[PDB]
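In what follows, a single structure is set out as structure tokens and then discussed.
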Amino acid sequence: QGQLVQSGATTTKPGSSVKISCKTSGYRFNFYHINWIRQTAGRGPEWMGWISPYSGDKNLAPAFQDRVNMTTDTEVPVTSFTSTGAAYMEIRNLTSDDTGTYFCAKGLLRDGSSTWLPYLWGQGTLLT
Amino acid sequence: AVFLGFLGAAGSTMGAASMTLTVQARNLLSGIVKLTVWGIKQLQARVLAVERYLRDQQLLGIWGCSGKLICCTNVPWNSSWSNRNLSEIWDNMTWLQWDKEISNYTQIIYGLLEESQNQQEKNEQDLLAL
Amino acid sequence: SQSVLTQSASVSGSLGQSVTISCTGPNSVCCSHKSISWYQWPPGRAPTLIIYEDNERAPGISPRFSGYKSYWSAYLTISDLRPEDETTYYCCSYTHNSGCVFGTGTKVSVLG
Amino acid sequence: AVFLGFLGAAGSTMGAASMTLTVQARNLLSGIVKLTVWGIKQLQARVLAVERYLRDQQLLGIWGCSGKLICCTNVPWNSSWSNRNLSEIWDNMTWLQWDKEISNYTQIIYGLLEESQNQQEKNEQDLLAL
Amino acid sequence: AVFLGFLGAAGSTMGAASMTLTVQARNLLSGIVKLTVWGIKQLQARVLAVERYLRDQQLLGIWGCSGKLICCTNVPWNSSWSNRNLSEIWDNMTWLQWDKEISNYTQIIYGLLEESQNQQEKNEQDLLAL
């Protein structure tokens, strides 16, 4: 029930790396995973990987394990059930094939068989 | 299981905190161990302890839940109280978040549970009248 | 593209009618041993969780959208078509400790 | 039904007053809301409240009626207690008129209910010994 | 039977003393009948009476034994607690002799009875979820 604003649409050239942010609000940042999804011009959508703001644990697709740099800060608690966190995103070997819109995504539940499912999405960040 | 302790799951899901009820059921009354400052003030606190406890046992008794830690009843869940799904409750928000959303309707529910019990032992009263 | 989970290519419909989108793959990503999630996805914008765990709808999802998962393929029905339904729908297979295996996509037209 | 209130059916029939028990079951313990006159006298009254209440719960517990508002037992109705018909009681005299006629035999009945319960869990003790 | 009285079978067998439980179940709370010596000291004793009593009712409630004088459970008898035969206990040693031999393991048993009840209403919670 909160927003997940990201960075702007920074366009670079292949070989370099791009930093993408994801500032949360309106929900406990440490209670839900942060997924990262992109939709490039050449494929459809592809699941990159999520990370736990509580356990600090990572799990990402083998197609992005040796490229993605994925970190999170620590939430600045506003109330008992509200906080403000941040999720970061970086790639390694960049090409024009990775040109697409990128967004972060808050996990679905806190327990069960769909704990990390991307429920609350960001806004989108246009890459190269 | 993990012995989280007293109120250990206050920030955990309602499905995880519901499986550790006898932990907070013990320390709600603690126990046993004459005119001064703390002396009169201790006895005033010892009386208040059993009063708030007997109110929760009296309320549980008139609902047919006397002796239950998890108690199922007849009153159906009104959508006006909380039109939320079953999965977005027991595997999401905590018992602290739940009490704030139900703080309004919590008095209406307490009356629905009372007559739902009186119109159950009265039905069973006729069920054993033959 | 290299999506092992195929869908329904494309489909068409009309106002007041119901649609159906398929989603099947091999035994490695489908189906009885994996949950299926459906996502409404406008072109390159903000997506939306429609259904999670085969047939369970997300909070606030209209009662029009339904789900079904046989041993072979999972179906997404769109009962009672409304004009604001033209978008692209995707499915995803997953477990509790895995990741989303998205589908090929299905463009749905409501022109009527 | 008509919410007559606390003791609303004190002058009504025993059949009408028996269907509104959870009303007087709540206000028997009321609730929650340091050295002066009323201060010591209030704490003396707060203790007496829970003592008379626990006596009625202890008596209900040793009868097998713990948690019941209407409780059926095994002790048969002795005609020496009240040789009145069932229709001339529940649709006639009130609970106040009833207590005066049973004030004598009310102590014998309280003992018959106790051993009728001990010779029931003892029978069930053998019933589950196999 | 012979009305031996309060604690009449304190030196008798555990099988004979187990059939007269409602005798010591009454006088554990006695009953009902302002600033001086005994006045403050009487109120201090009246509060302690209901506290020790509610602890034994709270412990009985979280074991599923709320309302029972003889209560059967699920926890099996560990031979490390007392590797004695059933006939050399109920027709031999008294309840006073029994408490000395079990004084050690009596705290472990009290924890086994609590989770044996929580993992029973939780199982029944799923048993009525359909």
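By written order: A, B, C, D and E. Residues from 1 in each chain.
Everything below uses one rule, namely that a contact is a pair of C-beta atoms (placed from the backbone, for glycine too) under 8 Å apart; a residue touches a chain by one contact, two chains touch by 3 or more.
The minimum number of touch steps linking chain B to chain C comes to 1. Overlaying chain D onto chain E using CA atoms gives a rotation of 120 degrees, to the nearest 5. Taking A-B and A-C together, the chain pair joined by more C-beta contacts is A-C. Centres computed as Cα averages put chain B at a distance of 24 Å from chain E.
Separating the centre of chain A from that of chain E, both taken as means of CA atoms, is a distance of 58 Å.
Shared contact sites, meaning residues of chain B that touch two or more other chains, fall at 43, 47, 50, 54, 66-67, 87-88.
For chain C, the set of residues touching two or more other chains is empty. Among the residues of chain A, those in touch with two or more other chains are 112.
Listed by chain label, the pairs that touch are A-B, A-C, B-C, B-D, B-E, D-E. Contacts from chain C toward chain A in the complex involve residues 1-3, 35, 37, 39, 41, 44-49, 52-53, 58, 90, 92, 94-105. Across the interface of their complex, chain E is touched by residues 40-41, 43-44, 47-48, 50-52, 54-55, 58, 61-62, 64, 66-67, 114-115, 117-118, 121-122, 125, 128 of chain D.
Against chain B, the residues of chain A that register as touching in their complex are 80-81, 109-112. On the chain B side of its complex with chain E, the touching residues are 19-22, 25-26, 28-29, 31-32, 34-35, 43, 46-47, 50, 53-54, 57, 66-70, 72.
Interface residues of chain B, counted against chain A in their complex, comprise 13, 15-16, 87-88, 91-92, 96-97.
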